[PDB]
Amino acid sequence: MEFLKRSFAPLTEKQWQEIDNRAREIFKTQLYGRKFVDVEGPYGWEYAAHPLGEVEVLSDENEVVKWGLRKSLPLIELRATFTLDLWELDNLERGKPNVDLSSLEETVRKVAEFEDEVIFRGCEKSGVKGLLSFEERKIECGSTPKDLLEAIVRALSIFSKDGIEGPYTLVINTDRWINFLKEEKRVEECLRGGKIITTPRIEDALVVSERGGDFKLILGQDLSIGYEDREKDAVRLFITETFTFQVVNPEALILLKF
Amino acid sequence: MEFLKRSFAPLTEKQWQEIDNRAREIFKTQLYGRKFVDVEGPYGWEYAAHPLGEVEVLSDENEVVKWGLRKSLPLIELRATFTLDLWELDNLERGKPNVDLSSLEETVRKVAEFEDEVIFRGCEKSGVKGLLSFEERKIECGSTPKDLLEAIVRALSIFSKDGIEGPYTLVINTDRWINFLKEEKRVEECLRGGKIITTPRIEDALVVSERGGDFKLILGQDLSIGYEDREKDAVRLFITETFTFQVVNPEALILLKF
Amino acid sequence: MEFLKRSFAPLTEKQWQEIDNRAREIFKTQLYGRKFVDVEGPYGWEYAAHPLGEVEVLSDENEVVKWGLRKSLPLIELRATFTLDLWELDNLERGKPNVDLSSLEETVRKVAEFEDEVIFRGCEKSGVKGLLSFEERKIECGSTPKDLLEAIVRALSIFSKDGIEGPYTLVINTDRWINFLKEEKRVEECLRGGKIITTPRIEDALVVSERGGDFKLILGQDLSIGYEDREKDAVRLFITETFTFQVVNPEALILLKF
Ligand SMILES: Cc1cc2nc3c(=O)[nH]c(=O)nc-3n(C[C@H](O)[C@H](O)[C@H](O)CO)c2cc1C
Ligand SMILES: Cc1cc2nc3c(=O)[nH]c(=O)nc-3n(C[C@H](O)[C@H](O)[C@H](O)CO)c2cc1C
Ligand SMILES: Cc1cc2nc3c(=O)[nH]c(=O)nc-3n(C[C@H](O)[C@H](O)[C@H](O)CO)c2cc1C
């Protein structure tokens, strides 16, 4: 909307359109957490807090009127800036097919780690708890290709004592996955037809259920690009967003110690 | 709605209808603050916080990604209980026209002071500031019937240096008003045709403008009555509500020191 | 119109609309002269002089061809600048209801004295004469509440020896009006049903007739706001206007000496 002052920057339609496509491609492969959690739809640029449904009592013991306060979670807002070069950007109109956009890509890669760190390890100043802190759901595994199958078979018998079902997914580390490569068809069918995700963000493995409604991400505004000011022969732009995160049912998650 | 468990109490329609009318009459004359402020419509039993439109920065000085948190005001919830007598309540069906309801009236009178205290003096634990703490809007007055007219004429020349207009109202203490009784027609027309409100809640006088949009009260749920449990030969009931308060433009208010 | 370069400033529609309303309110109460004089409609941004209907002869005494020049009044143009803060202005989109606009109000108050000074005391370099320089229309008054009524009754017998009639108005000083407060209904009906105006711009009183067509103010362009240039993190704006003033019939004015 209008709060991103896009019409006041000296660029053309083709130049604006060439900048969005490059960032949309990297955001699609570098956001690992968004592949197995739920997303609650956007509320707007004015939303500020999300309700927790409880009261805390502050009055004394022997009083006629008694009172307290309600509870909530506050959202987080971010902002990051970069700069580009005008004479280099202007060859697109003469007809050059490969213009150099190298400052955009480093910033796009650094913004993507900030969100995954909050999802996997919490914040401690906004009141958020991450996935790797629930230490009461753990089983010890070994380091031979048979132990992987044995641990996967043992993990589905704990989901049964509760009423948990649905498709199941494996999330594992990319250096560990190299030494288990000979057994790939066996795992997929022992998982009853699930899927595997490799990532550099953790050091061990975890198993989750995907029936729906256990891990949610709340958004106010999605990721956006805007204009700030002009310099000698460069231009200055920024990226922004607002969000928060929550875990509801901790019985759909299991950690593998290795 | 259903969260007040009214259908599970052993009473009839006439008995329920006779209890609401008595409280509705006292609430209409004992709520003094609601006669010159604005009321924002009810949102519901789940509303929890109201937005302040600002951000607070928490990151360090030299970083690539910078962040902060948004700001809000939390609401207040109250609850008060009382008890009544069944054999006495049952004479309404035999045809008695004056049944004794004496425990209801003390509780109704004590709930009404709690709200006026917040409006006139703040809370200090929810982050609320009341009307009598803005000390930069004050003028000294005297104690002779001419000084009242002189101070009222002086107070309308300060409203003019800003763009403030509209009808004006006087709020004064009831023991002070006794000694100014001979001049009543003069005040009403010197006020350009305003109105006067006497109250036991303060000790001096104040003047306010009533053009609209300067002092607001935000409600989640209005004042309601519900049922709790049964005892030997009595029944137990309660009253409840949720709210908060704000002052926007401090240039529509003036205090008279006397 | 287009000579105010409004489209080149980095603001939104709501931000522009919030700035006009605040100035429109103060201009409505701080322009005292415009309450009893006439206004001749606007001519445009190119108007330059207004005709006086006379000729001045410059040739010699014994010549066959004789000649001279015509006479006029030139208009006055003004300009005043101020600056504002962008991050503070940007909270209106997050939802803040009271944004601080403190530099605008001082400039608006200082522009309003400049016009009243010309109307009440003349210019001496454009050829303008003000209301307080016609010294042949004066009567001496006293300082007791009866002398006010006596002087008002005497002043209406001078309007009768000429053919002057119509409603009559009193313009008086605000510290003097305090000591005459007990007689207010008497004055209004002795004035035959007129009106009273209090002001801090003079030191005595005057009486004028309001039949129409004796004191006129000529405008080229009304009061307007425009954009100049951008700074580090602020923006710079200005206010402008063009006008002149004239008195036609000096027999509709009387001064009270006190
Ligand atoms: C032939 C020629 C073409 C140029 N084209 C551009 C251009 O497309 N964009 C640009 O910013 N500067 C261009 N410049 C340079 C630019 O005019 C100048 O060096 C700086 O903008 C400072 O005046 C060009 C210079 C020359 C000699
Ligand atoms: C003639 C009579 C009428 C009564 N009516 C009522 C009544 O309307 N409501 C009531 O709670 N108790 C009533 N009681 C008393 C009640 O039955 C009893 O004392 C207590 O409820 C304990 O059993 C009545 C008792 C008598 C003797
Ligand atoms: C979270 C955050 C939000 C900001 N929002 C704004 C803004 O709305 N307008 C603004 O001019 N500057 C804003 N700034 C600061 C701005 O980017 C920077 O300090 C100066 O504009 C110089 O780069 C913000 C900074 C942070 C950290």
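The figures that follow rest on heavy atoms only: side chains count, while hydrogens, waters and symmetry mates do not. Both ligands and their constituent atoms are indexed starting at 1 by order of listing. Just so we're on the same page: letters track the sequence lines, and every chain starts at 1.
Within a 4.0 Å radius of atom 6 (C) of ligand 3, the protein contributes one or more non-hydrogen atoms. Checking atom 18 (C) of ligand 1 against the protein gives no heavy-atom contact under 4.0 Å. Taking a distance limit of 4.0 Å, we find that atom 1 (C) of ligand 2 is approached by no protein heavy atom. By the definition of a contact as any protein heavy atom under 4.0 Å away, atom 9 (N) of ligand 3 is in contact.
Looking from atom 3 (C) of ligand 3 to the surrounding protein, the closest heavy atom is A/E77 OE2, 3.8 Å. Of the protein's non-hydrogen atoms, the one nearest atom 16 (C) of ligand 3 is A/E228 OE2, 3.9 Å. Closest to atom 22 (C) of ligand 3 among all protein heavy atoms lies A/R236 NH2, 4.4 Å. Here the protein heavy atom with the shortest distance to atom 25 (C) of ligand 2 is B/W87 CH2, 4.0 Å. Looking from atom 27 (C) of ligand 3 to the surrounding protein, the closest heavy atom is B/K66 CB, 4.0 Å.
Side-chain N or O atoms of A/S126 include none that pairs as donor or acceptor with a backbone N or O of A/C123 at under 3.5 Å. Not one N or O on the side chain of A/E18 forms a donor-acceptor pair closer than 3.5 Å with the backbone of A/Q15. Panel note: side chain C/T240, backbone C/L78; a donor-acceptor pair is recorded below 3.5 Å.
Near C/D90, meaning under 4.0 Å from any of its heavy atoms, are these atoms of ligand 3: 9 (N). Residue-ligand proximity, B/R94 to ligand 2, at heavy-atom distances under 4.0 Å covers atoms 5 (N), 8 (O).
Remark: C/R79 is positioned above the aromatic ring of C/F238, its terminal NZ or CZ atom under 6.0 angstrom from the ring centre and at most 45 degrees off the axis. The cationic group of A/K216 does not satisfy the cation-pi geometry with A/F245, failing either the under 6.0 Å distance to the six-membered ring centre or the 45° limit from the ring axis. Both the sub-6.0 Å distance and the 45° axial angle are not jointly satisfied by C/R22 relative to the ring of C/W16.
Between A/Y43 and A/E46, the side chains place no donor N or O within less than 3.5 Å of an acceptor N or O (distance only, hydrogens not considered).
A salt bridge links A/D222 to A/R34: at least one charged side-chain nitrogen sits closer than 4.0 Å to a carboxylate oxygen.
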